[PDB]
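Working notes, structure below.
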Amino acid sequence: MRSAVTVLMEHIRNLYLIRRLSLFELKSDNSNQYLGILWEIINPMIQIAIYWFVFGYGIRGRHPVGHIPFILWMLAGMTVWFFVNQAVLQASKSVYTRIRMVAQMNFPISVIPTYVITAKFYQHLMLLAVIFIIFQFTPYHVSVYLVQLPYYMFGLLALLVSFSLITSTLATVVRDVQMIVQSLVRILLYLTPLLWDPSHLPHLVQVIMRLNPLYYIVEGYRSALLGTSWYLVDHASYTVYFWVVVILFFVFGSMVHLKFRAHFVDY
Amino acid sequence: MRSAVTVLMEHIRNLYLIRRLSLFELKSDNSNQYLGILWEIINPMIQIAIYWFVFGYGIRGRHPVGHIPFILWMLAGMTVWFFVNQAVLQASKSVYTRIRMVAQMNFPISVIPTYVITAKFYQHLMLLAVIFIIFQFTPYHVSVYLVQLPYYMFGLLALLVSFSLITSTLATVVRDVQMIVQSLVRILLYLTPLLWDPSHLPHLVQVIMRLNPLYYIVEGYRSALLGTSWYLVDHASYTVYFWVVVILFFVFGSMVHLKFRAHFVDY
Amino acid sequence: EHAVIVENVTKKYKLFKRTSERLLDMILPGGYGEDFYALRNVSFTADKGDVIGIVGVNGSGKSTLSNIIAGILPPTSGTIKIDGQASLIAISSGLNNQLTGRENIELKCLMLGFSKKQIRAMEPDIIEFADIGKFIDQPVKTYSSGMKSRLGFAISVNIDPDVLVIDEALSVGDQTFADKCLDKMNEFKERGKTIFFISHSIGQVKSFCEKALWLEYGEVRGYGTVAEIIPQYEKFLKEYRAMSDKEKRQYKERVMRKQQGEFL
Amino acid sequence: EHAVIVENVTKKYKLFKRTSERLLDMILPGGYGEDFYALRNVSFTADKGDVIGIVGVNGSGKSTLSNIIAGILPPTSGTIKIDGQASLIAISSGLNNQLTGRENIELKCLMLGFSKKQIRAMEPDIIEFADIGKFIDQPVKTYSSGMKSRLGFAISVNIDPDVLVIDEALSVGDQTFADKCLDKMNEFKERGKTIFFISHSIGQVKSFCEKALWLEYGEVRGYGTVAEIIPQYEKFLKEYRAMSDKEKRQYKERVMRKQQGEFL
């Protein structure tokens, strides 16, 4: 049973819709509210150095075994989590609000959590934009021979645009998984290693930690400074695990959508 | 110049007002929204064990030098921070919203951040209520000879009902300290020792860490299991520092209120 | 064909005397709440029509029956089949209060669904129609209350749907804008599509409609054109308003006869 | 004494063509935005009155001049001295949509300020006045749109202030509730306090008011009782509505003569 074709055709017919009113909430919240704007690089750069000051001062030595990894290891990974902590939560509560102001129109409601994620995608293109200015002070200048990450960038889109259907459609019917993912986004700072080296453990519990697909993309952005220009084949046994958990979430997310699509109006 | 008398008389004339519509937001948010209620002990008890699992597994031994302190040391302190992280932020944004629905009435606006704090005060009387059920499994049964903390409980009221005037009145005029205290509440997990033992340091930087008044109250609730039945005189040199920083915040909070009280309507 | 297939429509959102669901429940998903209907066994035909008024007392909600026909609430029992109908009227709704007048036109015209070349052809007429000239490049939170409604009618009129449903304004506007507004609504009457109009202004619904329902607590008490129903509707109100025989002695009984009208 | 000391009132919230403040600014707090007045040099007296209507075109906002007198906006230049005035009318505002009818009475009656024994004496009349009987123990998000306004008028009438200000409803209600509503507003006319009424319904303001302003873009064009002003106000509209000499050829000039009326 392929009902997910009906969801994916709606995003094809509305690709101008998903872009044009994407940046309106970016204009609504980041601007037209206060004084001098773009705290969203000022706020995490303060917020990064707090986590270094407590965790670099337990790992003063004992850094990852390359010559470079330091803070360099850390903030190359911490780009991803800023697009998780305030992009999974507000995607979930995007359908609690505003359905009164959406159901009185005629356009498919499946697109309604998908643009607010892409509204937070431009957080990267100011934050991940200013990491090159840091990374032009490395021993390499830019490593132009390998910064090839559009594919690993596209994973964060594909994972979150799929996962915010199980947590958006099923959010409105119960209003309790909002409390769940408010803690489940918390446990995904430590269940995945944004901070330490997971090589403190044998090959069972270490290998059974990357069942979380989010750790795969962190290996992508940390390989924005390595040189592994064929980073599929060294871990090809579970890079197909990544592209099967996204298609499992997307099919199951479509199935839970269409079995409730015309009912969440008394919620 | 004593303008703070005018603020404090308003809270005397409205003590039934500050209680009766306190629990309405408690009824509004915690109830009448979803299914089975009171996540606000279910959510932090999951949220406590995450911070133990990463920090008790660096302090597996090496615990505080009493025979008991363990997790026992930790969750006795972590009661306070749950009344800070989601009680300083929502107190600050309490006057961004709802002034359109308040200025069209006639009652003093100084009370308007003070009840939403007390609406979060009943979070204690379900969470701090269920810590005795844990603490009836200690080697002591309850230590009825010293659980005397109404005074140390009253500090958390007095600090936060005072501090949420500099961050509520001055919030609306700029709309940028909301972004500041969204990070300043973050730095007050590590600037104050909710987690480790600060006796890793000589008497200069260790003593210049308790300038934060919040660390004093954490010494109160951790002394809910000690037996120091005269815990003033061993630290009387700066328990008067606590009662002078609250009167400094309350006077300066009143001064910034009345110089702007009739102006925040175009914000 | 015949423009509605409305048959035996019932709708119930039920009463919860205490806090929300699983207030007392177990693993069995059944709850213990008091029953309350809002619509009961509604069946009518519109035979391509021109216009149908809906009147009564707003104890019967009256917007429930509207947005059922707009296809945005699911009926509990009964089937309705129309056409490519309208989202009813998006007056004063969907306007974000942080964006300018150029922006919120691109909101709502995209929310209703129009291509990128259609919103530029439809652009300068709307600014010409609203007459708010300098304020078009200023966000909506600076506008007065009569200018949001001035603007919100201007976008949500150029729809060309099949079946319109109007709320209780029909000319929200201002003086010397309602004259533009009523002439705009004469186009839909001229074009001959179906319009479901709801009001309490008896004088306007006499001046605008041809057929008319009359709804009472979910029960369709009578449905003809205009000529007998509204005076009998006025016969009910003049009966009700005068004394209606001592509103404690009989109208308390009348509601209890009508609370008995929740069932057999 | 004389019930207003309104003198030379001006108010300006100024134009920002781009995003919000410090859009281009430095350590000097001055900004670069275009000036815009909304009120200019208003001075009148109310001499204990009975009632003053306010009419015109809602390009002049008209609620600005109201809630200045309610004492909730600060004027830029000018002094106003009245009394213990009203918060104007809290219709459809302050009602939280999560609490029942017993609850939201305890909201708004406490928001307006009444002791704990006063809210129990004032309690059963309000339920008797609203007539929503079974729904009083059910939160407001279940109500229809005509029942919130049914309820919100019932609380925010028992105020006993000194100086009332009414928005543009005066009987929001329903048919066979407006008859209760207009008779309730006759009490304030009987008691003899001051009421500042704003409308666009010319027929109601003739039927209700004794004196009347007329405001045009912040400029008080004339102020008498009723008898000459409203027909001259109707003389302006019938001049304006008919052709007003080719609305592109002269009314575009007229607004530019009135944009010249933003200044000398």
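FYI, nothing fancy with the structure tokens labels: chains A, B, ... in order, residues from 1 per chain, ligands from 1 as they appear.
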For chain B against chain A, with a cut-off of 9 Å and counting only C-alpha atoms, what is the closest atom pair and its distance in Å to one decimal for every residue that makes the cut, ordered by chain and number, as a tab-separated table?
residue	atom	partner	partner_atom	distance
B:33	CA	A:175	CA	7.3
B:34	CA	A:175	CA	5.3
B:35	CA	A:174	CA	6.9
B:36	CA	A:176	CA	8.8
B:39	CA	A:179	CA	7.5
B:43	CA	A:183	CA	7.1
B:44	CA	A:183	CA	8.8
B:46	CA	A:183	CA	7.8
B:47	CA	A:183	CA	6.9
B:50	CA	A:187	CA	7.0
B:54	CA	A:190	CA	7.8
B:174	CA	A:34	CA	6.6
B:175	CA	A:34	CA	5.4
B:176	CA	A:34	CA	6.6
B:179	CA	A:43	CA	7.6
B:180	CA	A:43	CA	8.1
B:182	CA	A:43	CA	8.8
B:183	CA	A:47	CA	7.0
B:186	CA	A:47	CA	8.1
B:187	CA	A:50	CA	7.0
B:190	CA	A:54	CA	7.8
- prompt: Which neighbours of segment 242-252 of chain B fall inside 7 Å, counting only C-alpha atoms, when residues of the same chain fewer than 2 positions from it are skipped, and could you give them as a PyMOL selection string?
  reply: chain B and resi 4+159+162-163+213+238-240+254-256
Can you spit out the residues from that selection as a CSV table (one decimal), in the first residue's frame, using C-alpha atoms?
chain,number,residue,atom,x,y,z
B,4,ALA,CA,9.4,50.7,46.4
B,159,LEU,CA,14.6,36.3,44.9
B,162,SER,CA,12.2,40.6,42.9
B,163,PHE,CA,14.3,39.6,40.0
B,213,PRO,CA,22.9,34.2,45.5
B,238,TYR,CA,27.4,36.2,53.5
B,239,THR,CA,23.8,35.2,54.5
B,240,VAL,CA,23.5,38.9,55.0
B,254,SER,CA,10.9,49.2,41.5
B,255,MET,CA,12.8,52.2,40.2
B,256,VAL,CA,12.9,50.8,36.6
Could the residues of chain C that have an atom at most 8 Å from chain A be listed as a Markdown table, each with its closest atom pair and the distance in Å to one decimal, counting only C-alpha atoms and ordered by chain and ascending residue number?
| residue | atom | partner | partner_atom | distance |
| --- | --- | --- | --- | --- |
| C:72 | CA | A:103 | CA | 6.7 |
| C:73 | CA | A:265 | CA | 6.9 |
| C:74 | CA | A:263 | CA | 6.8 |
| C:87 | CA | A:105 | CA | 5.4 |
| C:88 | CA | A:104 | CA | 7.0 |
| C:89 | CA | A:104 | CA | 7.8 |
| C:90 | CA | A:104 | CA | 6.7 |
| C:93 | CA | A:101 | CA | 6.0 |
| C:94 | CA | A:101 | CA | 5.0 |
| C:98 | CA | A:28 | CA | 5.8 |
| C:99 | CA | A:28 | CA | 7.0 |
| C:107 | CA | A:21 | CA | 7.1 |
| C:110 | CA | A:17 | CA | 7.0 |
| C:111 | CA | A:105 | CA | 6.2 |
| C:112 | CA | A:106 | CA | 5.5 |
| C:113 | CA | A:107 | CA | 6.6 |
Can I get the selected residues back with C-alpha atoms, as a PDB file, in the first residue's frame?
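The result, written out as part-v8.pdb:
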ATOM      1  CA  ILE C  72     -14.047  21.282   6.934  1.00  0.00           C
ATOM      2  CA  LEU C  73     -15.884  19.514   9.678  1.00  0.00           C
ATOM      3  CA  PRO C  74     -16.738  15.822   9.473  1.00  0.00           C
ATOM      4  CA  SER C  87     -13.491  27.799   1.874  1.00  0.00           C
ATOM      5  CA  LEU C  88     -16.241  30.052   3.144  1.00  0.00           C
ATOM      6  CA  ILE C  89     -14.906  33.645   3.659  1.00  0.00           C
ATOM      7  CA  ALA C  90     -11.463  34.351   5.102  1.00  0.00           C
ATOM      8  CA  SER C  93      -8.376  35.515   9.596  1.00  0.00           C
ATOM      9  CA  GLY C  94      -5.004  34.331   8.382  1.00  0.00           C
ATOM     10  CA  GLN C  98       3.885  41.247  11.720  1.00  0.00           C
ATOM     11  CA  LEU C  99       3.977  41.684   7.939  1.00  0.00           C
ATOM     12  CA  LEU C 107       0.123  35.218   2.271  1.00  0.00           C
ATOM     13  CA  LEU C 110      -1.100  31.820  -1.760  1.00  0.00           C
ATOM     14  CA  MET C 111      -3.095  30.251   1.077  1.00  0.00           C
ATOM     15  CA  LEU C 112      -6.144  30.191  -1.177  1.00  0.00           C
ATOM     16  CA  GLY C 113      -3.986  28.887  -4.011  1.00  0.00           C
TER      17      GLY C 113
END
### Task
Give the strand (DSSP E) residues of segment 27-143 of chain D, as assigned by DSSP on the backbone, as a PyMOL selection string.
chain D and resi 39-42+51-54+77-79
Closest-contact table, chain D side, partner chain C, 10 Å, counting only C-alpha atoms, as JSON lines:
{"residue": "D:13", "atom": "CA", "partner": "C:142", "partner_atom": "CA", "distance": 8.7}
{"residue": "D:14", "atom": "CA", "partner": "C:142", "partner_atom": "CA", "distance": 9.7}
{"residue": "D:15", "atom": "CA", "partner": "C:138", "partner_atom": "CA", "distance": 7.7}
{"residue": "D:16", "atom": "CA", "partner": "C:138", "partner_atom": "CA", "distance": 7.3}
{"residue": "D:17", "atom": "CA", "partner": "C:137", "partner_atom": "CA", "distance": 6.6}
{"residue": "D:18", "atom": "CA", "partner": "C:138", "partner_atom": "CA", "distance": 8.3}
{"residue": "D:19", "atom": "CA", "partner": "C:138", "partner_atom": "CA", "distance": 9.5}
{"residue": "D:56", "atom": "CA", "partner": "C:175", "partner_atom": "CA", "distance": 8.8}
{"residue": "D:57", "atom": "CA", "partner": "C:174", "partner_atom": "CA", "distance": 7.4}
{"residue": "D:58", "atom": "CA", "partner": "C:146", "partner_atom": "CA", "distance": 6.0}
{"residue": "D:59", "atom": "CA", "partner": "C:147", "partner_atom": "CA", "distance": 7.6}
{"residue": "D:60", "atom": "CA", "partner": "C:144", "partner_atom": "CA", "distance": 8.6}
{"residue": "D:61", "atom": "CA", "partner": "C:144", "partner_atom": "CA", "distance": 5.4}
{"residue": "D:62", "atom": "CA", "partner": "C:144", "partner_atom": "CA", "distance": 8.4}
{"residue": "D:63", "atom": "CA", "partner": "C:144", "partner_atom": "CA", "distance": 7.9}
{"residue": "D:64", "atom": "CA", "partner": "C:144", "partner_atom": "CA", "distance": 9.0}
{"residue": "D:99", "atom": "CA", "partner": "C:19", "partner_atom": "CA", "distance": 9.9}
{"residue": "D:100", "atom": "CA", "partner": "C:17", "partner_atom": "CA", "distance": 9.7}
{"residue": "D:131", "atom": "CA", "partner": "C:59", "partner_atom": "CA", "distance": 9.6}
{"residue": "D:132", "atom": "CA", "partner": "C:59", "partner_atom": "CA", "distance": 7.9}
{"residue": "D:133", "atom": "CA", "partner": "C:255", "partner_atom": "CA", "distance": 9.6}
{"residue": "D:134", "atom": "CA", "partner": "C:15", "partner_atom": "CA", "distance": 9.6}
{"residue": "D:135", "atom": "CA", "partner": "C:15", "partner_atom": "CA", "distance": 8.8}
{"residue": "D:137", "atom": "CA", "partner": "C:17", "partner_atom": "CA", "distance": 6.5}
{"residue": "D:138", "atom": "CA", "partner": "C:17", "partner_atom": "CA", "distance": 6.6}
{"residue": "D:139", "atom": "CA", "partner": "C:16", "partner_atom": "CA", "distance": 9.3}
{"residue": "D:142", "atom": "CA", "partner": "C:13", "partner_atom": "CA", "distance": 8.6}
{"residue": "D:143", "atom": "CA", "partner": "C:61", "partner_atom": "CA", "distance": 8.1}
{"residue": "D:144", "atom": "CA", "partner": "C:61", "partner_atom": "CA", "distance": 5.3}
{"residue": "D:145", "atom": "CA", "partner": "C:61", "partner_atom": "CA", "distance": 7.7}
{"residue": "D:146", "atom": "CA", "partner": "C:58", "partner_atom": "CA", "distance": 6.0}
{"residue": "D:147", "atom": "CA", "partner": "C:58", "partner_atom": "CA", "distance": 7.5}
{"residue": "D:150", "atom": "CA", "partner": "C:58", "partner_atom": "CA", "distance": 9.9}
{"residue": "D:173", "atom": "CA", "partner": "C:58", "partner_atom": "CA", "distance": 9.4}
{"residue": "D:174", "atom": "CA", "partner": "C:200", "partner_atom": "CA", "distance": 7.1}
{"residue": "D:175", "atom": "CA", "partner": "C:200", "partner_atom": "CA", "distance": 6.8}
{"residue": "D:176", "atom": "CA", "partner": "C:241", "partner_atom": "CA", "distance": 6.1}
{"residue": "D:177", "atom": "CA", "partner": "C:241", "partner_atom": "CA", "distance": 9.1}
{"residue": "D:179", "atom": "CA", "partner": "C:241", "partner_atom": "CA", "distance": 8.2}
{"residue": "D:180", "atom": "CA", "partner": "C:241", "partner_atom": "CA", "distance": 9.8}
{"residue": "D:200", "atom": "CA", "partner": "C:175", "partner_atom": "CA", "distance": 6.9}
{"residue": "D:201", "atom": "CA", "partner": "C:175", "partner_atom": "CA", "distance": 8.8}
{"residue": "D:202", "atom": "CA", "partner": "C:175", "partner_atom": "CA", "distance": 9.8}
{"residue": "D:237", "atom": "CA", "partner": "C:176", "partner_atom": "CA", "distance": 7.3}
{"residue": "D:238", "atom": "CA", "partner": "C:176", "partner_atom": "CA", "distance": 9.2}
{"residue": "D:240", "atom": "CA", "partner": "C:176", "partner_atom": "CA", "distance": 7.9}
{"residue": "D:241", "atom": "CA", "partner": "C:176", "partner_atom": "CA", "distance": 6.2}
{"residue": "D:242", "atom": "CA", "partner": "C:176", "partner_atom": "CA", "distance": 9.8}
{"residue": "D:255", "atom": "CA", "partner": "C:133", "partner_atom": "CA", "distance": 9.8}
Write the residues of the preceding selection, restricted to C-alpha atoms, as a PDB file, in the first residue's frame.
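Now in out12.pdb:
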ATOM      1  CA  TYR D  13       3.400  56.893  16.310  1.00  0.00           C
ATOM      2  CA  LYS D  14       5.852  57.288  13.475  1.00  0.00           C
ATOM      3  CA  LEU D  15       6.508  55.489  10.221  1.00  0.00           C
ATOM      4  CA  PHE D  16       9.204  52.832   9.755  1.00  0.00           C
ATOM      5  CA  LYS D  17       9.586  51.915   6.078  1.00  0.00           C
ATOM      6  CA  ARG D  18      11.926  49.011   6.912  1.00  0.00           C
ATOM      7  CA  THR D  19      12.408  46.656   9.875  1.00  0.00           C
ATOM      8  CA  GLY D  56     -16.294  60.256  10.805  1.00  0.00           C
ATOM      9  CA  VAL D  57     -14.078  57.974   8.712  1.00  0.00           C
ATOM     10  CA  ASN D  58     -11.960  55.246  10.350  1.00  0.00           C
ATOM     11  CA  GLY D  59      -8.905  56.468   8.492  1.00  0.00           C
ATOM     12  CA  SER D  60      -8.711  58.712  11.558  1.00  0.00           C
ATOM     13  CA  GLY D  61      -8.557  55.602  13.783  1.00  0.00           C
ATOM     14  CA  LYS D  62     -11.084  57.044  16.291  1.00  0.00           C
ATOM     15  CA  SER D  63     -10.096  54.637  19.038  1.00  0.00           C
ATOM     16  CA  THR D  64      -6.968  56.649  19.734  1.00  0.00           C
ATOM     17  CA  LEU D  99     -11.791  28.075  31.497  1.00  0.00           C
ATOM     18  CA  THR D 100     -15.483  27.618  32.163  1.00  0.00           C
ATOM     19  CA  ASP D 131     -29.126  32.615  29.524  1.00  0.00           C
ATOM     20  CA  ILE D 132     -26.598  30.002  28.416  1.00  0.00           C
ATOM     21  CA  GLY D 133     -27.682  27.647  31.185  1.00  0.00           C
ATOM     22  CA  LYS D 134     -26.081  24.236  30.684  1.00  0.00           C
ATOM     23  CA  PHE D 135     -22.967  25.665  29.025  1.00  0.00           C
ATOM     24  CA  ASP D 137     -19.882  24.688  33.313  1.00  0.00           C
ATOM     25  CA  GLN D 138     -18.019  24.227  30.060  1.00  0.00           C
ATOM     26  CA  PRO D 139     -14.971  26.132  28.755  1.00  0.00           C
ATOM     27  CA  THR D 142     -16.852  25.113  22.952  1.00  0.00           C
ATOM     28  CA  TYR D 143     -19.092  28.176  22.635  1.00  0.00           C
ATOM     29  CA  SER D 144     -20.297  29.689  19.400  1.00  0.00           C
ATOM     30  CA  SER D 145     -19.265  33.173  18.335  1.00  0.00           C
ATOM     31  CA  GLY D 146     -22.519  34.708  19.496  1.00  0.00           C
ATOM     32  CA  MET D 147     -22.201  33.283  22.985  1.00  0.00           C
ATOM     33  CA  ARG D 150     -23.342  37.145  24.981  1.00  0.00           C
ATOM     34  CA  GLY D 173     -25.895  40.143  21.566  1.00  0.00           C
ATOM     35  CA  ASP D 174     -28.526  38.618  19.318  1.00  0.00           C
ATOM     36  CA  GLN D 175     -32.118  39.299  18.430  1.00  0.00           C
ATOM     37  CA  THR D 176     -34.229  39.084  21.629  1.00  0.00           C
ATOM     38  CA  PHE D 177     -31.137  39.844  23.680  1.00  0.00           C
ATOM     39  CA  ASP D 179     -33.864  44.316  23.865  1.00  0.00           C
ATOM     40  CA  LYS D 180     -32.383  43.401  27.229  1.00  0.00           C
ATOM     41  CA  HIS D 200     -20.852  54.306  12.072  1.00  0.00           C
ATOM     42  CA  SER D 201     -24.583  53.623  12.467  1.00  0.00           C
ATOM     43  CA  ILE D 202     -26.052  57.086  11.968  1.00  0.00           C
ATOM     44  CA  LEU D 237     -20.845  61.830   2.573  1.00  0.00           C
ATOM     45  CA  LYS D 238     -23.483  62.498  -0.097  1.00  0.00           C
ATOM     46  CA  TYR D 240     -18.314  62.190  -1.325  1.00  0.00           C
ATOM     47  CA  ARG D 241     -20.333  59.155  -2.395  1.00  0.00           C
ATOM     48  CA  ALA D 242     -22.083  60.580  -5.491  1.00  0.00           C
ATOM     49  CA  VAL D 255      -6.042  63.115   0.089  1.00  0.00           C
TER      50      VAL D 255
END
Based on DSSP run over this structure's backbone, return all residues of segment 127-172 of chain A in alpha helix (DSSP H), as a list in words.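 The alpha helix (DSSP H) subset of segment 127-172 of chain A is residues 127, 132, 133, 134, 135, 150, 151, 152, 153, 154, 155, 156, 157, 158, 159, 160, 161, 162, 163, 164, 165, 166, 169, 170, 171 and 172 of chain A.
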Would you export the selected residues with N, CA and C atoms as a short mmCIF file (atom, residue, chain, number, x, y, z; two decimals), in the first residue's frame, please?
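Once written, out-v4.cif looks like this:
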data_model
loop_
_atom_site.label_atom_id
_atom_site.label_comp_id
_atom_site.auth_asym_id
_atom_site.auth_seq_id
_atom_site.Cartn_x
_atom_site.Cartn_y
_atom_site.Cartn_z
N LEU A 127 24.85 30.34 10.26
CA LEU A 127 25.76 29.77 11.25
C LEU A 127 26.83 28.90 10.60
N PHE A 132 33.40 28.84 8.28
CA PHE A 132 34.52 28.86 7.34
C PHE A 132 35.49 29.95 7.72
N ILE A 133 34.96 31.08 8.20
CA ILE A 133 35.78 32.18 8.70
C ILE A 133 36.62 31.71 9.88
N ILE A 134 36.07 30.82 10.69
CA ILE A 134 36.89 30.14 11.69
C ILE A 134 37.83 29.16 11.00
N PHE A 135 37.32 28.38 10.05
CA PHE A 135 38.13 27.33 9.45
C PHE A 135 39.06 27.81 8.36
N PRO A 150 26.99 18.37 0.16
CA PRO A 150 25.58 18.69 -0.07
C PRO A 150 24.72 17.48 0.23
N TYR A 151 25.31 16.31 -0.02
CA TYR A 151 24.63 15.05 0.25
C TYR A 151 24.41 14.86 1.74
N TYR A 152 25.43 15.17 2.55
CA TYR A 152 25.26 15.05 3.99
C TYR A 152 24.44 16.19 4.56
N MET A 153 24.35 17.31 3.84
CA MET A 153 23.40 18.34 4.24
C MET A 153 21.98 17.91 3.93
N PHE A 154 21.79 17.21 2.81
CA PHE A 154 20.46 16.78 2.40
C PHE A 154 19.88 15.71 3.31
N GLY A 155 20.73 15.03 4.08
CA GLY A 155 20.22 14.09 5.07
C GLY A 155 19.45 14.77 6.18
N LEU A 156 19.94 15.92 6.66
CA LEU A 156 19.24 16.64 7.71
C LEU A 156 17.89 17.17 7.26
N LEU A 157 17.79 17.56 5.99
CA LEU A 157 16.48 17.90 5.44
C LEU A 157 15.60 16.67 5.40
N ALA A 158 16.11 15.58 4.81
CA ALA A 158 15.31 14.39 4.57
C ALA A 158 14.89 13.71 5.86
N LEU A 159 15.73 13.76 6.89
CA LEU A 159 15.36 13.15 8.16
C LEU A 159 14.28 13.97 8.85
N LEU A 160 14.46 15.28 8.92
CA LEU A 160 13.56 16.10 9.71
C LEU A 160 12.25 16.39 8.99
N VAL A 161 12.25 16.46 7.66
CA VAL A 161 10.99 16.65 6.95
C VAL A 161 10.17 15.37 6.98
N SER A 162 10.80 14.23 7.27
CA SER A 162 10.08 12.98 7.43
C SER A 162 9.65 12.76 8.87
N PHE A 163 10.54 13.02 9.82
CA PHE A 163 10.23 12.77 11.22
C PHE A 163 9.18 13.73 11.76
N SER A 164 9.01 14.90 11.15
CA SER A 164 7.98 15.83 11.59
C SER A 164 6.67 15.60 10.85
N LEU A 165 6.28 14.36 10.77
CA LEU A 165 4.93 13.92 10.45
C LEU A 165 4.42 12.96 11.50
N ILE A 166 5.30 12.12 12.05
CA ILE A 166 4.92 11.29 13.18
C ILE A 166 4.79 12.15 14.43
N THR A 169 1.36 15.17 13.02
CA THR A 169 0.01 14.64 12.89
C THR A 169 -0.43 13.97 14.18
N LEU A 170 0.41 13.07 14.70
CA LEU A 170 0.10 12.39 15.94
C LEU A 170 0.26 13.31 17.15
N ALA A 171 0.83 14.50 16.96
CA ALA A 171 0.86 15.48 18.04
C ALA A 171 -0.53 15.98 18.37
N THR A 172 -1.32 16.33 17.36
CA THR A 172 -2.58 17.02 17.60
C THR A 172 -3.63 16.11 18.19
#
#### Entry: For residue 86 of chain A: contacts at 10 Å, only C-alpha atoms, fewer than 3 positions along chain excluded, given as a ChimeraX atom specification
/A:81-83,89-91,117,120,185
Keeping only C-alpha atoms, write the selected residues to a file as a PDB file, in the first residue's frame.
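What follows is the written file again11.pdb:
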ATOM      1  CA  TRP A  81      22.305  20.076  17.121  1.00  0.00           C
ATOM      2  CA  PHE A  82      21.240  23.716  16.787  1.00  0.00           C
ATOM      3  CA  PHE A  83      19.067  22.582  13.875  1.00  0.00           C
ATOM      4  CA  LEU A  89      10.098  21.136  18.976  1.00  0.00           C
ATOM      5  CA  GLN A  90       8.608  24.014  16.998  1.00  0.00           C
ATOM      6  CA  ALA A  91       7.870  21.686  14.106  1.00  0.00           C
ATOM      7  CA  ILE A 117      11.684  23.347   9.208  1.00  0.00           C
ATOM      8  CA  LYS A 120      14.990  27.017  10.363  1.00  0.00           C
ATOM      9  CA  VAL A 185      15.177  16.050  22.120  1.00  0.00           C
TER      10      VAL A 185
END
Find the distance between atom CA of residue 141 of chain D and atom CA of residue 97 of chain D and write it in Å to one decimal.
->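 If I compute the distance from atom CA of residue 141 of chain D to atom CA of residue 97 of chain D, I get 5.3 Å.
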Would you list the contacts of residue 42 of chain D as a list in words, taking every protein, DNA or RNA residue within 9 Å and counting only C-alpha atoms, but skipping same-chain residues closer than 2 positions in sequence?
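What passes the distance filter is residues 6, 7, 8, 9, 10, 39, 40, 44, 78, 218, 219 and 220 of chain D.
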re atom CA of residue 192 of chain B and atom CA of residue 80 of chain B: distance 11.6 Å
From atom CA of residue 159 of chain D to atom CA of residue 115 of chain B the spacing works out at 24.4 Å
